[PDB]
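Data first, discussion second: the structure below is written as structure tokens.
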Amino acid sequence: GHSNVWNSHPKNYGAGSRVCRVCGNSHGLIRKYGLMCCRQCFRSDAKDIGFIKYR
Amino acid sequence: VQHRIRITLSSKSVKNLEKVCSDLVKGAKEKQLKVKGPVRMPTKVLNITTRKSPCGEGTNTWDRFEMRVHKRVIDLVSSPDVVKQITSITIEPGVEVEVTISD
Amino acid sequence: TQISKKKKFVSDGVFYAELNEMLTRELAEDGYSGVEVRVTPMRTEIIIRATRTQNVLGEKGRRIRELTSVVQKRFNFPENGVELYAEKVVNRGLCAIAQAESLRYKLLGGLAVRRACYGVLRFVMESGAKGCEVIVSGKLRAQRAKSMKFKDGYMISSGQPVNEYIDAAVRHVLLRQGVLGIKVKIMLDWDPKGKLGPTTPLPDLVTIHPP
Amino acid sequence: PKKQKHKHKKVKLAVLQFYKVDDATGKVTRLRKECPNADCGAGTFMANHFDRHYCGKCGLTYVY
Amino acid sequence: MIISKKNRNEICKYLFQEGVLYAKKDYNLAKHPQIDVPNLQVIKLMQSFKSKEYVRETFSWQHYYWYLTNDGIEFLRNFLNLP
RNA sequence: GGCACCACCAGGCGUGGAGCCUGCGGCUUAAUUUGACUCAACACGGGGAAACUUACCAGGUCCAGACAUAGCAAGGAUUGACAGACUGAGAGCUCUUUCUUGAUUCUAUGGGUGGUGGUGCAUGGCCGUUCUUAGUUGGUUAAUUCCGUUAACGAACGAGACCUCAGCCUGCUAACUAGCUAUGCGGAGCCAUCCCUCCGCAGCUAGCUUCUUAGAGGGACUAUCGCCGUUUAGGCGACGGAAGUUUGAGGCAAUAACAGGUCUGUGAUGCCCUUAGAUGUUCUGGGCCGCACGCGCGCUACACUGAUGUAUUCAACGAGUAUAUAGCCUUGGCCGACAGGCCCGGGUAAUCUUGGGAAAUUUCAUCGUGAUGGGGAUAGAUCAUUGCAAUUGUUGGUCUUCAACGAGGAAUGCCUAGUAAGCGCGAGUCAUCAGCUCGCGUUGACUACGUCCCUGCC
Ligand SMILES: [K+]
Ligand SMILES: [K+]
Ligand SMILES: [K+]
Ligand SMILES: [K+]
Ligand SMILES: [K+]
Ligand SMILES: [K+]
Ligand SMILES: [Mg+2]
Ligand SMILES: [Mg+2]
Ligand SMILES: [Mg+2]
Ligand SMILES: [Mg+2]
Ligand SMILES: [Mg+2]
Ligand SMILES: [Mg+2]
Ligand SMILES: [Mg+2]
Ligand SMILES: [Mg+2]
Ligand SMILES: [Mg+2]
Ligand SMILES: [Mg+2]
Ligand SMILES: [Mg+2]
Ligand SMILES: [Mg+2]
Ligand SMILES: [Mg+2]
Ligand SMILES: [Mg+2]
Ligand SMILES: [Mg+2]
Ligand SMILES: [Mg+2]
Ligand SMILES: [Mg+2]
Ligand SMILES: [Zn+2]
Ligand SMILES: [Zn+2]
């Protein structure tokens with residue numbers, strides 16, 4: 001049985017379970033509001049997503 | 001007419017939302033329907049603050065992104081027919097109109 | 001089924017940001033300028049702005065229907081709940097994404113950069129921009145990288161009017177020696193009708209009626 | 001050394017090595033039980049080992 | 001790779017039915033959202049049908065998007081035994 | 001010659017001394033992955049790592065090697081597997097065994113593919129820095145800001161203008177997801193009732209918008225006065241005014257650079273390396289935490305302007321669910337000393353959590369100058385919760401243990417008003433963990449209104 005020892009560790013939680021929705025990197029991930037973007041990717045797409053810098 | 005209608009309007013922009021609200025309350029006041037509104041809910045300020053550097057070098061400088069959600073509530077007393085006949089004009093993009101029938 | 005008003009506006013923003021990315025990668029050589037999402041009650045109409053509006057449509061509209069069905073299944077719309085249109089970008093010269101892609105293909109072919117950037121500048125200024133600027137950064141000729149600016153006209157850089165008057169794009173050329181960067185900043189003119197450019201005049205601009 | 005990989009044991013014509021249609025006449029004469037499992041058909045032979053009746057398609061087994 | 005005939009005909013029927021396919025980069029989804037085949041087999045078979053020009057592939061935001069080509073509408077109608 | 005609390009002056013609070021937290025170096029290690037080293041590395045990579053992350057170490061798997069070519073092959077290319085052995089393993093991983101499976105594969109060459117592999121001294125983008133400086137004769141200004149001098153005049157970028165938040169509006173617009181006021185009823189008091197006082201409930205026919213919200217506008221311009229000033233540009237003082245320090249604070253932010261950082265954000269990337277006994281991927285376990293030592297950011301203190309135990313009552317910013325028996329924020333009831341548990345529910349939200357029942361503070365009492373009821377490090381026993389898993393203590397409790405530290409050498413940091421400092425709250429990270437950051441409000445000063453002495457820049 002190789003299928004029960006392949007990806008057999010639980011991915012219920014942890015940083016290695018959530019990924020950037022734009023790149024799949026798991027570091028600097030902004031989970032707030034359900035964005036699911038990494039810091040760098042959100043900083044690039046923020047204007048498209050609708051976040052405006054006023055201050 | 002008979003029932004009680006709450007139209008919730010949300011948007012990310014104030015001018016489009018306010019002019020849509022003005023259209024709705026003007027149409028309501030032309031068909032002689034009593035209108036309670038527009039009632040402005042407290043503005044929601046969605047805020048994201050992140051390090052601008054794509055790495056960990058330099059002065060740790062922070063950009064604060066904001067999304068402002070503006071909510072408007074209009075309360076008419078009428079039947080569904082006039083409500084969907086009013087909320088059928090060109091609703092501008094970004095404005096989320098939502099009609100709910102109360103008792 | 002109940003989604004917050006916060007989660008919903010963040011979801012619309014993320015959907016817009018993802019659609020435009022997949023259209024940018026898909027309708028690349030069709031002159032894709034931008035997408036205008038429009039959620040009508042019956043369907044979420046999606047307008048595509050491009051320059052080759054016969055290349056995105058496809059043979060008898062095959063490509064546009066393929067994209068419409070891909071968007072419907074991928075984003076989980078109700079069937080017939082999304083309809084992708086394809087309009088014409090009115091003034092290609094006044095669009096920094098159109099010119100960025102035009103300069104991308106004008107360099108993927110092999111044309112000299114100093115001759116294509118000035119051509120882009122020429123076309124933009126004949127189109128009517130108050131000022132235009134092009135930056136080319138990378139391994140242009142030698143191994144060391146350098147940045148060549150191509151500026152002509154009047155261009156503002158600071159303050160709020162920048163995010164009303166400056167139409168800008170940033171595109172890469174994937175060349176044999178590496179990646180070449182293209183920053184195109186087009187400064188628009190004040191349009192009273194609000195079509196060619198901003199409707200609000202620049203704050204410092206003062207007009208005195210003649211007696 | 002490098003752990004070698006399991007290679008499929010190759011027996012020439014095991015179907016011929018299965019039924020016993022001989023002595024003229026007409027006797028198919030299976031020589032290995034056909035697994036009872038319904039999905040497993042009647043041509044599904046349950047191998048017999050030094051002490052077990054094992055069906056290859058599934059796992060039904062019988063020791064003695 | 002080793003993909004049963006059932007699964008292969010399964011992904012090849014859907015592709016000919018719609019002319020398009022999509023998937024997320026997830027090699028352990030265990031079930032494609034539409035086809036009753038896991039995402040790995042769909043992704044690998046779509047990569048094969050693409051090295052053969054039988055489709056066009058665009059990758060964006062961790063998702064694959066495949067589009068059947070004119071050669072694909074020929075090879076699928078030959079493979080699926082029916083028009 | 002100027003300018004600037006990332007300079008000083010006058011000071012405030014500090015750091016540097018102590019314990020601990022955390023980052024860096026060194027040492028140790030199987031590995032203790034690694035980038036970054038004056039400002040401009042060092043609670044930085046949003047880097048608070050039990051597993052994953054993870055790049056490191058010890059092992060085990062798997063192919064997720066398209067495609068093309070040539071072979072092997074329905075007399076089977078190939079695939080899966082019961083039992084036992086093997087194995088850390090219920091990995092048929094391998095082996096014994098013998099079924100099963102059917103052209104999907106397999107073998108060899110090319111060609112691919114993946115890589116948190118190298119190269120940021122090949123690059124893109126981005127970001128940091130020079131420098132948010134003011135730049136691209138003289139006076140004045142925050143300012144290449146104006147005035148003024150003049151072979152320059154007239155412009156442009158930058159600065160300011162602009163944008164956002166905050167400050168004012170008893171004017172306007174409007175509120176059953178906000179209130180006020182009145183009325184009615186009810187409760188309590190007083191003594192009954194009445195009145196008065198404090199409460200609760202109700203009324204989309206009780207009015208209304210002061211308070212709350214959020215739109216539109218208005219509002220300050222140094223406007224007026226004196227003085228100074230070339231009597232200019234401007235400065236000081238004064239009335240009025242919500243506001244007189246371009247009102248406060250931000251956001252944006254020129255030219256030209258740096259071999260600045262990032263290939264470990266990117267399905268951005270050239271080149272190189274590797275590619276099936278893999279630097280791919282996955283699983284198990286360990287490490288990233290290791291401890292003679294050095295350094296940086298911090299937290300807790302050294303106490304009576306306090307600690308402790310009562311009493312008491314004032315915020316703001318924000319956040320919140322897939323309803324599956326139920327997921328997130330949790331109200332209320334019950335059990336429990338706590339920790340926590342159980343049971344009914346509300347809320348996708350100005351509606352429920354939340355009028356956010358924050359602390360410092362205030363009040364009374366105890367302690368009584370004693371390392372003491374200051375301090376709480378370290379440590380023992382034990383009970384709960386998160387989790388698949390808590391040991392190298394996740395955390396939270398209970399009892400016990402009760403270290404240094406009595407204000408910190410040479411040095412050096414930040415700061416000019418709702419500021420410093422004190423105090424707490426929220427968010428991000430997050431199953432659990434905040435001594436960290438990013439915000440918020442509460443309490444609320446001293447000192448100066450200058451200078452080039454030092455440091456740096458022009
Ligand atoms: K100290
Ligand atoms: K730091
Ligand atoms: K760079
Ligand atoms: K990078
Ligand atoms: K590289
Ligand atoms: K990242
Ligand atoms: Mg400015
Ligand atoms: Mg001093
Ligand atoms: Mg110390
Ligand atoms: Mg680990
Ligand atoms: Mg591991
Ligand atoms: Mg790896
Ligand atoms: Mg990579
Ligand atoms: Mg560099
Ligand atoms: Mg008011
Ligand atoms: Mg370097
Ligand atoms: Mg570490
Ligand atoms: Mg007390
Ligand atoms: Mg003591
Ligand atoms: Mg104590
Ligand atoms: Mg931890
Ligand atoms: Mg927290
Ligand atoms: Mg200093
Ligand atoms: Zn990302
Ligand atoms: Zn069977």
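Identifiers in the structure tokens: chain A, B, ... in order shown; residue index from 1 per chain; ligand index from 1 in order shown.
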Produce as a ChimeraX atom specification the set of residues near ligand 17, where near means within 10 Å with only C-alpha atoms (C1' of nucleotides) and all ligand atoms considered.
-> /F:22-23,47,49,288-289
For the selection just defined, write its residues with N, CA and C atoms (P, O5', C5', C4', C3', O3' and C1' of nucleotides) to a file, as a PDB file, in the first residue's frame.
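Dumped to again.pdb:
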```
ATOM      1  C1'   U F  22      13.644  37.126  21.099  1.00  0.00           C
ATOM      2  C3'   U F  22      13.569  35.166  19.803  1.00  0.00           C
ATOM      3  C4'   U F  22      12.299  35.267  20.628  1.00  0.00           C
ATOM      4  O3'   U F  22      13.385  34.530  18.551  1.00  0.00           O
ATOM      5  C5'   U F  22      11.853  34.015  21.340  1.00  0.00           C
ATOM      6  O5'   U F  22      12.851  33.531  22.224  1.00  0.00           O
ATOM      7  P     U F  22      12.466  32.646  23.491  1.00  0.00           P
ATOM      8  P     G F  23      14.544  33.594  17.957  1.00  0.00           P
ATOM      9  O5'   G F  23      15.453  34.589  17.108  1.00  0.00           O
ATOM     10  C5'   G F  23      14.909  35.336  16.032  1.00  0.00           C
ATOM     11  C4'   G F  23      15.809  36.480  15.635  1.00  0.00           C
ATOM     12  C3'   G F  23      17.265  36.133  15.364  1.00  0.00           C
ATOM     13  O3'   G F  23      17.479  35.577  14.079  1.00  0.00           O
ATOM     14  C1'   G F  23      17.168  38.031  16.751  1.00  0.00           C
ATOM     15  P     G F  47       5.159  35.606  10.259  1.00  0.00           P
ATOM     16  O5'   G F  47       6.287  34.618  10.791  1.00  0.00           O
ATOM     17  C5'   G F  47       7.384  34.245   9.964  1.00  0.00           C
ATOM     18  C4'   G F  47       8.661  34.116  10.757  1.00  0.00           C
ATOM     19  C3'   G F  47       9.332  35.434  11.139  1.00  0.00           C
ATOM     20  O3'   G F  47       9.996  35.271  12.391  1.00  0.00           O
ATOM     21  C1'   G F  47      10.811  34.154   9.827  1.00  0.00           C
ATOM     22  P     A F  49       7.665  29.565  15.954  1.00  0.00           P
ATOM     23  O5'   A F  49       7.843  29.365  14.386  1.00  0.00           O
ATOM     24  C5'   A F  49       6.834  28.735  13.610  1.00  0.00           C
ATOM     25  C4'   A F  49       7.308  27.415  13.061  1.00  0.00           C
ATOM     26  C3'   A F  49       7.393  26.272  14.059  1.00  0.00           C
ATOM     27  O3'   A F  49       6.144  25.640  14.276  1.00  0.00           O
ATOM     28  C1'   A F  49       9.387  26.369  12.793  1.00  0.00           C
ATOM     29  P     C F 288      17.113  22.472  17.425  1.00  0.00           P
ATOM     30  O5'   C F 288      16.964  23.537  16.249  1.00  0.00           O
ATOM     31  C5'   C F 288      18.117  24.049  15.560  1.00  0.00           C
ATOM     32  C4'   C F 288      17.707  24.770  14.298  1.00  0.00           C
ATOM     33  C3'   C F 288      16.895  26.038  14.490  1.00  0.00           C
ATOM     34  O3'   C F 288      17.727  27.178  14.673  1.00  0.00           O
ATOM     35  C1'   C F 288      16.027  24.727  12.691  1.00  0.00           C
ATOM     36  P     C F 289      17.203  28.435  15.516  1.00  0.00           P
ATOM     37  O5'   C F 289      16.383  27.754  16.686  1.00  0.00           O
ATOM     38  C5'   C F 289      17.043  26.847  17.560  1.00  0.00           C
ATOM     39  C4'   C F 289      16.681  27.166  18.979  1.00  0.00           C
ATOM     40  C3'   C F 289      17.356  26.269  19.998  1.00  0.00           C
ATOM     41  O3'   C F 289      17.556  27.087  21.138  1.00  0.00           O
ATOM     42  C1'   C F 289      15.031  25.904  20.067  1.00  0.00           C
TER      43        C F 289
END
```
For ligand 8, list the contacting residues at 8 Å or closer, counting only C-alpha atoms (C1' of nucleotides) and all ligand atoms, as an MDAnalysis selection string.
-> chainID F and resid 8:11
Using only C-alpha atoms: which of B:43, B:22, B:78, B:49 has the shortest distance to residue 51 in chain A =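 That would be B:49, the residue with the smallest distance to residue 51 in chain A.
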Assign secondary structure with DSSP using the backbone only, and return the residues of chain E in helix (DSSP H, G or I) as JSON, numbers by chain.
-> {"E": [5, 6, 7, 8, 9, 10, 11, 12, 13, 14, 15, 16, 17, 18, 39, 40, 41, 42, 43, 44, 45, 46, 47, 48, 49, 50, 51, 70, 71, 72, 73, 74, 75, 76, 77, 78, 79]}
So which residues of chain D fall under strand (DSSP E) by DSSP, listed as an NGL selection string?
-> :D and (46-49 or 52-55)
Long-range neighbours of residue 38 in chain D as JSON, numbers by chain, 12 Å cut-off, only C-alpha atoms (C1' of nucleotides), 5 positions minimum in chain = {"D": [43, 44, 57, 58, 60]}
For those residues, write C-alpha atoms to a file as a PDB file, in the first residue's frame.
```pdb
ATOM      1  CA  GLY D  43     -13.166 -17.347 -15.073  1.00  0.00           C
ATOM      2  CA  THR D  44     -11.621 -15.624 -12.017  1.00  0.00           C
ATOM      3  CA  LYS D  57      -8.793  -9.744  -8.397  1.00  0.00           C
ATOM      4  CA  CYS D  58      -9.905  -9.199  -4.758  1.00  0.00           C
ATOM      5  CA  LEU D  60     -11.085 -13.517  -0.535  1.00  0.00           C
TER       6      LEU D  60
END
```
State, in Å with one decimal place, the distance from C1' of residue 322 in chain F to CA of residue 40 in chain A.
-> 29.0 Å
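Among all protein and nucleic acid residues, the ones that lie within 12 Å of ligand 11 when counting only C-alpha atoms (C1' of nucleotides) and all ligand atoms are residues 7, 9 and 16 of chain A; 49, 51, 52, 53, 54, 55, 56, 57, 58, 59, 60, 282, 283, 284, 285, 286 and 287 of chain F.
Residues of chain B lying within 6 Å of chain F, counting only C-alpha atoms (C1' of nucleotides), are residues 39, 40, 42, 53, 55, 56, 57 and 58 of chain B.
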Ligand 9 neighbours within 8 Å using only C-alpha atoms (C1' of nucleotides) and all ligand atoms, as a PDB file with N, CA, C and O atoms (P, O5', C5', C4', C3', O3' and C1' of nucleotides), in the first residue's frame:
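Ended up saving to selection08.pdb:
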```
ATOM      1  P     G F  16      19.305  47.539  28.837  1.00  0.00           P
ATOM      2  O5'   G F  16      20.816  48.003  28.668  1.00  0.00           O
ATOM      3  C5'   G F  16      21.552  47.696  27.492  1.00  0.00           C
ATOM      4  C4'   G F  16      22.941  48.269  27.563  1.00  0.00           C
ATOM      5  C3'   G F  16      23.705  47.958  28.837  1.00  0.00           C
ATOM      6  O3'   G F  16      24.311  46.679  28.809  1.00  0.00           O
ATOM      7  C1'   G F  16      23.873  50.262  28.370  1.00  0.00           C
ATOM      8  P     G F  17      23.805  45.534  29.808  1.00  0.00           P
ATOM      9  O5'   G F  17      24.098  46.136  31.251  1.00  0.00           O
ATOM     10  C5'   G F  17      25.412  46.156  31.788  1.00  0.00           C
ATOM     11  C4'   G F  17      25.372  46.162  33.293  1.00  0.00           C
ATOM     12  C3'   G F  17      24.415  45.154  33.914  1.00  0.00           C
ATOM     13  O3'   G F  17      24.985  43.865  34.047  1.00  0.00           O
ATOM     14  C1'   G F  17      24.007  47.281  34.842  1.00  0.00           C
ATOM     15  P     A F  18      24.204  42.570  33.500  1.00  0.00           P
ATOM     16  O5'   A F  18      23.031  42.360  34.552  1.00  0.00           O
ATOM     17  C5'   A F  18      23.310  42.080  35.915  1.00  0.00           C
ATOM     18  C4'   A F  18      22.046  41.738  36.655  1.00  0.00           C
ATOM     19  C3'   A F  18      21.140  40.738  35.957  1.00  0.00           C
ATOM     20  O3'   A F  18      21.527  39.399  36.205  1.00  0.00           O
ATOM     21  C1'   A F  18      19.865  42.588  36.717  1.00  0.00           C
TER      22        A F  18
END
```
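What separates CA of residue 140 in chain C from CA of residue 123 in chain C is a distance of 22.6 Å.
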Contact check, chain A to ligand 6, at most 10 Å, counting only C-alpha atoms and all ligand atoms, closest pairs as a tab-separated table:
```
residue	atom	partner	partner_atom_place_in_ligand_line	distance
A:19	CA	ligand 6	1 (K)	9.1
A:20	CA	ligand 6	1 (K)	7.5
A:23	CA	ligand 6	1 (K)	8.3
A:24	CA	ligand 6	1 (K)	8.5
A:25	CA	ligand 6	1 (K)	5.4
A:26	CA	ligand 6	1 (K)	6.3
A:27	CA	ligand 6	1 (K)	4.4
A:28	CA	ligand 6	1 (K)	4.7
A:29	CA	ligand 6	1 (K)	6.4
A:30	CA	ligand 6	1 (K)	9.4
A:37	CA	ligand 6	1 (K)	8.3
A:38	CA	ligand 6	1 (K)	4.7
A:39	CA	ligand 6	1 (K)	5.8
A:40	CA	ligand 6	1 (K)	5.9
A:41	CA	ligand 6	1 (K)	7.3
A:42	CA	ligand 6	1 (K)	9.5
```
Keeping N, CA and C atoms, export the residues of the selection given above as a compact mmCIF listing (two decimals), in the first residue's frame.
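The file below, part-v7.txt, is the result:
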```txt
# COMPACT_ATOMS: atom_id res chain seq x y z
N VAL A 19 -2.03 27.96 0.68
CA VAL A 19 -1.01 28.39 -0.30
C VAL A 19 -1.50 29.69 -0.90
N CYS A 20 -0.61 30.45 -1.51
CA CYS A 20 -1.09 31.61 -2.25
C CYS A 20 -2.01 31.11 -3.40
N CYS A 23 0.13 32.00 -6.55
CA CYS A 23 1.50 31.47 -6.79
C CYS A 23 1.78 30.15 -6.07
N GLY A 24 1.03 29.82 -5.04
CA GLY A 24 1.25 28.57 -4.30
C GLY A 24 2.33 28.65 -3.25
N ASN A 25 2.95 29.81 -3.06
CA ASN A 25 3.93 29.93 -1.95
C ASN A 25 3.12 29.98 -0.67
N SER A 26 3.67 29.45 0.39
CA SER A 26 3.01 29.34 1.68
C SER A 26 3.55 30.32 2.72
N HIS A 27 4.32 31.32 2.32
CA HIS A 27 4.92 32.26 3.25
C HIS A 27 4.34 33.65 3.05
N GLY A 28 4.17 34.37 4.15
CA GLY A 28 3.60 35.70 4.12
C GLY A 28 2.20 35.73 3.54
N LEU A 29 1.37 34.78 3.96
CA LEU A 29 0.04 34.60 3.40
C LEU A 29 -0.98 35.40 4.20
N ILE A 30 -1.76 36.22 3.50
CA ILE A 30 -2.78 37.06 4.13
C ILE A 30 -4.10 36.31 4.05
N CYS A 37 -4.04 35.49 -0.52
CA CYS A 37 -2.91 35.92 -1.36
C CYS A 37 -1.70 36.02 -0.44
N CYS A 38 -0.50 35.99 -0.99
CA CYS A 38 0.72 36.14 -0.19
C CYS A 38 0.94 37.66 -0.06
N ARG A 39 1.84 38.11 0.76
CA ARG A 39 2.04 39.57 0.93
C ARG A 39 2.42 40.21 -0.41
N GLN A 40 3.40 39.64 -1.12
CA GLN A 40 3.95 40.17 -2.39
C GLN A 40 2.90 40.17 -3.49
N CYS A 41 2.18 39.09 -3.59
CA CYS A 41 1.12 38.97 -4.61
C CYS A 41 -0.03 39.93 -4.29
N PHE A 42 -0.40 40.08 -3.02
CA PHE A 42 -1.47 41.07 -2.72
C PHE A 42 -0.97 42.48 -3.02
```
Just want the 8 Å neighbourhood of residue 69 in chain B, counted on only C-alpha atoms (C1' of nucleotides), with same-chain residues fewer than 2 positions away dropped. Output as a compact mmCIF listing (two decimals) with N, CA and C atoms, in the first residue's frame.
```txt
# COMPACT_ATOMS: atom_id res chain seq x y z
N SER B 10 -25.16 48.28 -1.31
CA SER B 10 -23.77 48.32 -0.90
C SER B 10 -22.91 48.64 -2.11
N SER B 11 -21.73 49.21 -1.85
CA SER B 11 -20.84 49.64 -2.91
C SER B 11 -19.47 49.95 -2.30
N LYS B 12 -18.48 50.09 -3.17
CA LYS B 12 -17.15 50.56 -2.78
C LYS B 12 -16.94 52.03 -3.09
N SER B 13 -17.90 52.68 -3.75
CA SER B 13 -17.79 54.07 -4.14
C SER B 13 -19.00 54.84 -3.64
N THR B 43 -19.78 53.18 7.79
CA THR B 43 -18.93 52.68 6.72
C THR B 43 -17.95 51.64 7.24
N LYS B 44 -17.87 50.51 6.55
CA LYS B 44 -16.91 49.47 6.88
C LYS B 44 -15.58 49.78 6.23
N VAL B 45 -14.51 49.68 7.01
CA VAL B 45 -13.16 50.01 6.56
C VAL B 45 -12.35 48.72 6.61
N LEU B 46 -12.27 48.03 5.48
CA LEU B 46 -11.43 46.84 5.38
C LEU B 46 -9.99 47.27 5.18
N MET B 67 -10.23 49.27 1.90
CA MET B 67 -11.43 49.14 1.09
C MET B 67 -12.61 49.60 1.93
N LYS B 71 -22.96 51.20 2.97
CA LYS B 71 -24.22 50.47 3.00
C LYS B 71 -25.37 51.46 3.13
N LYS C 6 -18.45 41.91 3.64
CA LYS C 6 -16.99 42.05 3.55
C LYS C 6 -16.48 40.93 2.65
```
Identify every residue of chain F that has at least one atom within 10 Å of any atom of chain C, counting only C-alpha atoms (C1' of nucleotides), and report the result as a count of residues only.
-> 24
